[PDB]
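Structural features, examined
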Amino acid sequence: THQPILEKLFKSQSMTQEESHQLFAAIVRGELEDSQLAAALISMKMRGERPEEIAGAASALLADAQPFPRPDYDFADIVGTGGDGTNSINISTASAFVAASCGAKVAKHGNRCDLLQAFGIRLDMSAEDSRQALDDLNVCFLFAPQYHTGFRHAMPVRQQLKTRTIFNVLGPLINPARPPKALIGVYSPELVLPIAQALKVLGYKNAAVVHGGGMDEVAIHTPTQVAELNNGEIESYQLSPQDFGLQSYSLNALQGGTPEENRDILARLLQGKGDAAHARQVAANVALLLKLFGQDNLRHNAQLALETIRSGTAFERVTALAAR
Amino acid sequence: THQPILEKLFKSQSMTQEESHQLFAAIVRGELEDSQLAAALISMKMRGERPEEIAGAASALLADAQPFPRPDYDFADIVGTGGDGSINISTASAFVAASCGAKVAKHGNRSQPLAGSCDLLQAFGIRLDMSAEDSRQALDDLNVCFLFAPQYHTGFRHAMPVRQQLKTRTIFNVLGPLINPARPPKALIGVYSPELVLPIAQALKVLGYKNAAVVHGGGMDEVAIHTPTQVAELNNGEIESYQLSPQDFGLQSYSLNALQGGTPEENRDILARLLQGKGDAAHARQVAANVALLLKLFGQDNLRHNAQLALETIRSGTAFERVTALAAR
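Residues numbered from 1 in each chain as written, not as in the entry; some residues may be left out. Chains lettered and ligands numbered in written order. Heavy atoms only, no water. Residues with missing side-chain atoms left out of burial classes, pairs and counts.

Looking at the entry header, you'll see X-ray crystallography listed as the method and 1.86 Å as the resolution.

Identification of chain B as Anthranilate phosphoribosyltransferase from Pectobacterium carotovorum is taken from the PDB entry. In the PDB, the title recorded for this entry is "Crystal Structure Analysis of the anthranilate phosphoribosyltransferase from Erwinia carotovora at 1.9 resolution (current name, Pectobacterium carotovorum)". As its UniProt record puts it under Function (unreviewed entry), chain B is described as follows: "Catalyzes the transfer of the phosphoribosyl group of 5-phosphorylribose-1-pyrophosphate (PRPP) to anthranilate to yield N-(5'-phosphoribosyl)-anthranilate (PRA)." In its Pathway (unreviewed entry) section, the UniProt record describing chain B reads: "Amino-acid biosynthesis; L-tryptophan biosynthesis; L-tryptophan from chorismate: step 2/5." (UniProt positions renumbered as here; feature names shortened; annotations may be inferred.)

If you check the PDB entry, chain A appears there as Anthranilate phosphoribosyltransferase from Pectobacterium carotovorum. Regarding chain A, the relevant UniProt record gives this comment under Function (unreviewed entry): "Catalyzes the transfer of the phosphoribosyl group of 5-phosphorylribose-1-pyrophosphate (PRPP) to anthranilate to yield N-(5'-phosphoribosyl)-anthranilate (PRA)." On record in UniProt, under Pathway (unreviewed entry), the comment for chain A is "Amino-acid biosynthesis; L-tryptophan biosynthesis; L-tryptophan from chorismate: step 2/5."

Given below as structure tokens:
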């Protein structure tokens, strides 16, 4: 029984990391009544979740996660919380393949993947085969439902409440490969710093949390709020498209469509035949990701990302993964 | 769909009286999922319920309650919100006050139970599922009757499960005392916190009460005998607040421990020997103080005389004779 923890939440008091871990462990095991779960999520929502509580909940999910043979070499994740409802095109997947073509190791993780399916990539690839793909192709994809079997237990309540809760930010924090690096986008500017603070608690070494003009990614249409973890310290700052030596395009230039149309958009992009605005947005995101690997000149990183995209080399890497 | 209202609550925003009415009307009809109901209750709990929200909610609950042949003569209810953390003073007070000429139509819900009014009454052989007609007859003849919430508020079946699972006080604790189906013009209502005294008083005015007193004393939901009591009195559409002490009733102070209860069976015995004039002085004093304030709502302004009369009634044992009488109906 976690009544003492619930009563504490009802008093608008924050849980310790240990208490949060205890409570969420019970949740992802399906031990709470719908009423208790809803009460917990809403009480935390109205007060405002703290970094230690976020790390505690993420820790509980990671403790129950399916195994993954973690490599010793440097590697990163690139993912966003999702959040806007305008159906803008996915940017993280293209960025992963472009970065991988450069030699950066990307063990991408995400929950409902639609784009990757559209390209013949198997979402239920074994952890061993994904690790082999990471070794050989510098990229793999870990589908959340395959690794966090207990994540399902909160879905009904989350759908019934139809409001954002802590679960909306936990997905990007529970990569089963436990990467030392990560570029993570969030749906609001106020979540950037606390999430970066949670990543520190979770043991990440180099990471950047971002939000720009309403989007959970490095923005091409507005300034981007960043919180960068490095050498044990977190630095807050903003970036502008000009800092990458890139033109600033409208959010409307990134508009997506049906699943088939998005598939074609991404294919054209990675083949070096995409829209200029799409290529710039990917270039900006790959650029910041590479900063986590020690490449500090963002303008330089963006220019070379644009060259990698033009080469079309990233699309054959998609084909290569699909063959695994 | 009432999502817009839920989202407003989730933003820590207060609902208007009409928004609250619409939401609780849905709740008592089972239109909300356990998750939605729980979310609504906790969001209001953390923010602090406003009078307009309370009035709107109580209004929706009353709008769906079973009818009751309402008399035109003066009568009232005496009960508390609970959720304060003791023996039940309101039940003894109802029978003692009825013996002092006042009319009391007591309404209570399930505590499954333990030491709530309904639990104690049933123990005395009083039928909780008495017909509306029979209760009215008892109010006429014996100056007292009991209305069981589950009987008059059939929609609670949609709220009790979640309330039990949450195991924490919510707006339902403050709504309970406000949904008497006989809708009496007067009432003495105890609340679990001082900050709730004014808003509840304001809500009573909206519900149409003519003379009422909302009280809180030393952490208890009633007129205290171990500490000062905060009061908000509604009269002539106007509210006024002041403090009372045991001395204002011409009574001695007692420690809160003096009102400590025991097992369900022991609480029943405590109440029985009290009404029989063979009880604890501290308990008699507490009942006397609560009865005294209740009688003030009926026009008896001398609290000291009121209390004296209540004490005499208790020692006479006639109040338990009244319990026996109701147990025969």
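What follows continues from the structure just given.
1. Some points on the packing of helix α2 (residues 17–27) of chain A against helix α4 (residues 51–63) of chain A
All names here are of chain A. Two elements in contact, α2 and α4, have axes separated by 7 Å at closest approach and are oriented at 45°. The orientation of α2 with respect to α4, classified from their angle, is oblique. The way α2 lies across α4 gives a crossing that is right-handed. Here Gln17, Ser20, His21, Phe24 and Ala25 of α2 come into contact with α4, specifically with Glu52, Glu53, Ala55, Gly56, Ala57, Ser59, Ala60 and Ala63. Of the residues in the contact of α2 with α4, the class split is six nonpolar, five polar and two charged. (Axes fitted to C-alpha atoms, helices over the stretch in contact; angles between N-to-C directions. Helix = DSSP H or I, 4+ residues; strand = E, 2+ residues; numbered from the N terminus. Parallel < 35°, antiparallel > 145°, perpendicular 65-115°, else oblique. Left-handed = near helix turned anticlockwise from the far one by under 90°. Contact = heavy atoms within 4.5 Å. Nonpolar A, V, L, I, M, F, W, Y, C, P; charged D, E, K, R; others polar.)

2. Some words on the UniProt feature "binding site: Mn(2+) 2" (unreviewed entry) in chain B
All names here are of chain B. UniProt marks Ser90 and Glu222 with the feature "binding site: Mn(2+) 2" (unreviewed entry), using the numbering shown here. Among residues more than four places away in sequence, those in contact with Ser90 are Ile78, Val79, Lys106 and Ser117. A polar side-chain atom of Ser90 sits 3.1 Å from a polar atom in the side chain of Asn88. Non-local contacts of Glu222, meaning those with residues more than four positions away in its chain, are made with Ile89, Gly190, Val215, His216, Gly217, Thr229 and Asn290. (Polar contact = N/O pair within 3.5 Å; in protein donor to acceptor, adjacent residues only side chain to side chain.)

3. Digging into a negative patch on the surface
Taken together, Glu33 and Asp34 of chain A together with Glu33 and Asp34 of chain B make up a surface patch of like negative charges. Here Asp34 of chain A is to be found in helix α3 (residues 34–47). (Patch = residues over 30% accessible without salt bridge, like charges linked within 9 Å, V, L, I, M, F, W, Y side chains within 5 Å. Areas by Shrake-Rupley, 256 points an atom, 1.4 Å probe, with all protein chains shown as cover. Salt bridge = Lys/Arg side-chain N within 4 Å of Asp/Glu carboxyl O. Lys, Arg positive; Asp, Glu negative; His and termini not counted. Charge placed at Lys NZ, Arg CZ, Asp CG, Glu CD.)

4. With respect to helix α2 (residues 17–27) of chain B
By the burial criterion, the buried members of α2 of chain B are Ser20, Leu23, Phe24, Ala25, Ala26 and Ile27 of chain B. In this structure, the buried side of α2 of chain B is in contact with α1 (3–10), α3 (34–47), α4 (51–62) and α10 (171–175) of chain B. (Buried < 20%, exposed > 50% of the residue type's maximum accessible area, 1.4 Å probe, protein only.)

5. So, helix α15 (residues 313–322) of chain A
Residues and elements named next belong to chain A. Three or more residues of α15 are buried, namely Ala314, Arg317, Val318 and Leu321. End-on, the buried residues of α15 take up no more than an arc of 105°, which puts them together on one face. The inward-facing, buried residues of α15 abut α5 (92–102), α7 (127–137), β3 (139–143) and α12 (259–270). (Arc of directions from axis to C-beta.)

6. Considering the domain arrangement of chain B
Bring the parts together and some accessible area is lost; that lost area is often taken as the interface size. Residues and elements named next belong to chain B. Split into domains, chain B comes out as domain 1 (1–67 + 149–181) and domain 2 (73–148 + 182–328). When each unit is reduced to the centre of its C-alpha atoms, the spacing between domain 1 and domain 2 is 25 Å. Contact with domain 1, which involves 24 residues of that partner, is made by 33 residues of domain 2. Summed over both partners, the interface of domain 1 with domain 2 buries about 2300 Å², with 61% contributed by carbon and sulfur atoms. Here domain 1 is connected to domain 2 by zero salt bridges. (Domains from an automatic or database assignment. Buried area = accessible area lost by both parts, 1.4 Å probe.)

7. Topic: the side chain of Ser43 of chain B
With respect to the helices and strands, the residue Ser43 of chain B is situated in helix α3. Among the residues examined, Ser43 of chain B registers a relative accessible area of 0% and is labelled buried. The residues contacting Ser43 of chain B, other than those within four sequence positions of it, are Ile42 and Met46 of chain A together with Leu9 and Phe10 of chain B.

8. Looking at the domain arrangement of chain A
Residues and elements named next belong to chain A. On domain assignment, one finds that chain A holds domain 1 (1–67 + 144–176) and domain 2 (73–143 + 177–323). Relative placement of domain 1 and domain 2: their C-alpha centres are 26 Å apart. Taken together, the contact pairs 22 residues of domain 1 with 33 residues of domain 2. Summed over both partners, the interface of domain 1 with domain 2 buries about 2200 Å², with 64% contributed by carbon and sulfur atoms. Where domain 1 touches domain 2, the interface holds zero salt bridges. On inspection of domain 1 and its partner domain 2, the count reaches six residue pairs in polar contact.

9. Quick notes on the packing of aromatic side chains
Residues and elements named next belong to chain A. By the definition in use, this model includes twelve aromatic pairs over all chains. A connected cluster of aromatic rings, assembled from ring pairs, spans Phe24, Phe151 and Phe167. One cation-aromatic arrangement involves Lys105 over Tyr73; the distance from NZ or CZ to the ring centre is 4.8 Å. (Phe/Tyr/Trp six-rings, centres within 6.5 Å; stacked < 30°, edge-to-face > 60°. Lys NZ or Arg CZ within 6 Å of the ring centre and 35° of its normal.)

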